[PDB]
Structures are given as C-alpha cells and as structure tokens.
Amino acid sequence: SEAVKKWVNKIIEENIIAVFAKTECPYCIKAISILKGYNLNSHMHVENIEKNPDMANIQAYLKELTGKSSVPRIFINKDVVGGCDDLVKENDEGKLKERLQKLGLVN
Ligand SMILES: [Mn+2]
Ligand SMILES: [Mn+2]
Ligand SMILES: [Mn+2]
Ligand SMILES: [Mn+2]
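Rules used throughout
Residues numbered from 1 in each chain as written, not as in the entry; some residues may be left out. Chains lettered and ligands numbered in written order. Heavy atoms only, no water. Residues with missing side-chain atoms left out of burial classes, pairs and counts. Helix = DSSP H or I, 4+ residues; strand = E, 2+ residues; numbered from the N terminus. Rg over C-alpha atoms; globule rule 2.2 N^0.38 Å. Donors = N, O, S within 2.8 Å, 3.2 Å for Na, K, Ca; no water. Buried < 20%, exposed > 50% of the residue type's maximum accessible area, 1.4 Å probe, protein only. Salt bridge = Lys/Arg side-chain N within 4 Å of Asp/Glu carboxyl O. UniProt positions renumbered as here; feature names shortened; annotations may be inferred. Contact = heavy atoms within 4.5 Å. Core = buried A, V, L, I, M, F, W, Y, C linked by side-chain atoms within 4.5 Å.

As recorded in the entry header, the structure was determined using X-ray crystallography to a resolution of 1.7310 Å.

Peer 1: Any chance you could break down the overall build of the protein chain for me, citing the residues and the numbers?
Peer 2: When you go through the protein chain residue by residue, the secondary structure sums to five helices and four strands. In terms of overall dimensions, the protein chain is globule-like: its C-alpha atoms have a radius of gyration of 13 Å, near the 13 Å expected for 107 residues. Dimensions of the protein chain, computed from the C-alpha atoms along their principal axes, are close to 40 × 25 × 25 Å.

Peer 1: Any details on the coordination of the manganese ion (ligand 4)? Residues and values, ideally.
Peer 2: Working reference: metal with six octahedral donors, ideal angles 90 or 180 degrees; metal with four tetrahedral donors, ideal angle 109.5 degrees. Only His45 (NE2) and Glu47 (OE) from the protein reach the manganese ion (ligand 4) as donors, at distances of 2.0 to 2.2 Å. Separating the manganese ion (ligand 4) from the manganese ion (ligand 3) is a gap of 5.7 Å, bridged by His45, which donates to each. Residue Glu47 is classed as buried on the basis of its relative accessible area of 17%.

Peer 1: Describe the pattern of salt bridges, listing the residues and the values that go with them.
Peer 2: In the structure shown here, the tally under the stated rule is five salt bridges. For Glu14, the salt bridge is made with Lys10, and the minimal N-O distance between the two is 3.7 Å. One end of the pair, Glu14, and the other, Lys10, are both in helix α1 (residues 2-14), four residues apart, so they sit about a helical turn from each other. A relative accessible area of 60% means that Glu14 is categorised as exposed. Ionic contacts of the salt-bridge type, sharing partners, join the residues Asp79, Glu90 and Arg99 into one network.

Peer 1: Account for the UniProt feature "binding site: Zn(2+) 3" (unreviewed entry) in the protein chain, with residues named and values stated.
Peer 2: Sites flagged by UniProt as "binding site: Zn(2+) 3" (unreviewed entry) map to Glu50. When you line up the elements, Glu50 lands in the loop between β2 (44-48) and α3 (55-66). With a relative accessible area of 38%, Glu50 lands in the partly exposed category. Other than its neighbours up to four places away in sequence, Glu50 contacts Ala21, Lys22, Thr23 and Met55.

Peer 1: With reference to specific residues and values, describe the environment of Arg99.
Peer 2: Here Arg99 lies in helix α5 (residues 95-102). Separated by 60 residues in the primary sequence, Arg99 and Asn39 have C-alpha atoms spaced 14 Å apart. Ignoring any residue separated from it by four or fewer positions in sequence, one finds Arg99 in contact with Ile76, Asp79, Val80, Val81 and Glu90.

Peer 1: Pulling in residues and values, what's your account of the nonpolar core?
Peer 2: General note: in soluble globular proteins, nonpolar side chains tend to be found buried as a group. Counting 17 residues, the largest nonpolar core has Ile17, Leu35, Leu40, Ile74, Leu87 and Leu100 as the members making the most contacts within it. Taken together, the elements giving at least two residues each to this core come down to β1 (17-21), α2 (26-36), β3 (73-76), α4 (84-92) and α5. Take this core: its biggest share by element is four residues, from α2. Apart from the residues within four sequence positions on either side, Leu40 is in contact with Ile17, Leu35, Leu100 and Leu105. Among the nonpolar cores identified, the runner-up in size contains 15 residues, and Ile12, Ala18, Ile58 and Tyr61 belong to it.

If you want it as structure tokens, here you go:
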C-alpha cells in the first residue's frame, strides 16, 4: 500500500524524533523515556502501531527502512537510530547527544 507507506513517511518527515511503538511495550517505554529526558517532547511523535488496522504493513515497511520489524523503531531527522538497544548504545557512547546538538535540540 502506497497509502501505508505515505502515512509512515509523513510521521517520520513531519517530526524530528519519530518513535513507532506498541501497547504495553517495556523497551518502547524505556526508549521514549530516555528521549524525553533530553527534553525532546516538543519535537517527538510516538505512534502506537498495534492500535492500527495495518500493523503488519507498517512493521514490514519499518523493516524495509531499518532492517527490523520490531518496535520500538526510532528515527531522528529521518536517520535510522533503530531500537531501544541501539538508542542505549548511542546514548552511552555520546552519539545521541552529538545528534541532538547538531539539530539544535540540546545546547
Ligand atoms: Mn498484558
Ligand atoms: Mn526534563
Ligand atoms: Mn505528534
Ligand atoms: Mn499519531
């Protein structure tokens, strides 16, 4: 579905930080909390793709874009971060802060 890809794309392209999640998902919650800890709320969108009639289509497209169909799936300025484990690696190693600095999102 062109429609599903266009919908996913609009989420990624109109929000600097885009997180695809599902219901009662501990690593989604952890990833979102880490990002909100950088005070990124105003430029974040979280989409619950389980509460969606086209979840499988969305997951397959996210896999085409990122290599995995699992949630959370995290994009920053359209760049693929990946999942929560990828976010933790970037956070601990300074890469996340560098990304956000280059976007003007953290001083
Ligand atoms: Mn349950
Ligand atoms: Mn804060
Ligand atoms: Mn939003
Ligand atoms: Mn939404």
